[PDB]
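As structure tokens, one chain now follows by itself in the form solved without the named molecule.
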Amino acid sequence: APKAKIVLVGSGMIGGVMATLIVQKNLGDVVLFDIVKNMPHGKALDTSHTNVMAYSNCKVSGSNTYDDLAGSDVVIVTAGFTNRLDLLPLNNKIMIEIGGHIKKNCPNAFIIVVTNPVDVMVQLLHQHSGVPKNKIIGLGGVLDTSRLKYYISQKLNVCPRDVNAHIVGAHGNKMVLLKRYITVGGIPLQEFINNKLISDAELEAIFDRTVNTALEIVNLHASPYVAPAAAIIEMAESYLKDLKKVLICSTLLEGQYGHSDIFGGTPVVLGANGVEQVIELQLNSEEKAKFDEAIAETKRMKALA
């Protein structure tokens, strides 16, 4: 069947929601892969029954063998151990193992990396898998901006999706939030600030909140996995359905912002041909300085893998 085959390399919390959302949207057949014995089979069985409730027809199966990567159209990697820097070499080993199988079983698959630090892990897998630069991206901006877009929408009382924002450079503490590129209903946010509808102080607090959301969720005795999963599926769906959505993801930089041979967060266009366009925001020197900071941290960690 010409039905897309989506292999989720890692059957943890994010993997579970991704599987659920795929069936809900009837995106394609799903394989929940992991090295943990049977668990992926158990989650796959549970999820497979939702086909009835959702009027879908997507096979959902578990797997403990890399062989099931064969025929994969899309591969989503969430696998990985969770100082923080001590995991770098370890997770690189996981990227190496996965990359070798991708190269052997599905060299033409579209890859989405989630493993943290994503900006580092994505380039590592790109290198070990050998896939073209336009066929591999990392999760970052879609998730990070969903927080900023959401918090602003609540203050302004408008549909969350009506707020657009851009966070670039890298996923994580060094993420670059661009106040200048925020709009509401397509209108520059500054107009709403001029109107006293939202203050600069309110925005600064929202910015800090955005950068520290994962930490905030963790401190509330939970962990972020639902939004990450939803952000990942928006990306995968844009590719599978050739939507050509403009989404901020970690992609290989070839001179943009003055950086090369490194992956960084920036808006790109995802369609049937993968990363069809890499958009370079015309940042000013101040924003560029922050982007530089993001890249520096990515390079720092890359060197330790």
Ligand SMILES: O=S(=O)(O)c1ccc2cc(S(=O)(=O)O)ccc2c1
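The numbering used is simple: start at 1 and walk along the sequence shown.
Below: the form solved in complex with the named molecule, not depicted.
Using a 4.5 angstroms limit between non-hydrogen atoms, residue 167 is distant from the named molecule in the deposited bound form.
In the deposited bound form, residue 149 stays away from the named molecule, with no heavy atom inside 4.5 Å. When the named molecule is considered in the deposited bound form, residue 224 lines it closely, a heavy atom lying within 4.5 Å. Taking the partner from elsewhere, residue 143 is found to have a heavy atom lying within 4.5 Å of the named molecule in the deposited bound form.
Of the residues given (214, 189, 233, 206), 214 alone sits with a heavy atom within 4.5 Å of the named molecule in the deposited bound form. You can rule out all but one of 110-118, 180-188, 195-203, 152-160: in the deposited bound form, only 110-118 has residues with a heavy atom within 4.5 Å of the named molecule.
Scanning 147-172 for heavy atoms within 4.5 Å of the named molecule in the deposited bound form gives 147, 171, 172 in sequence order.
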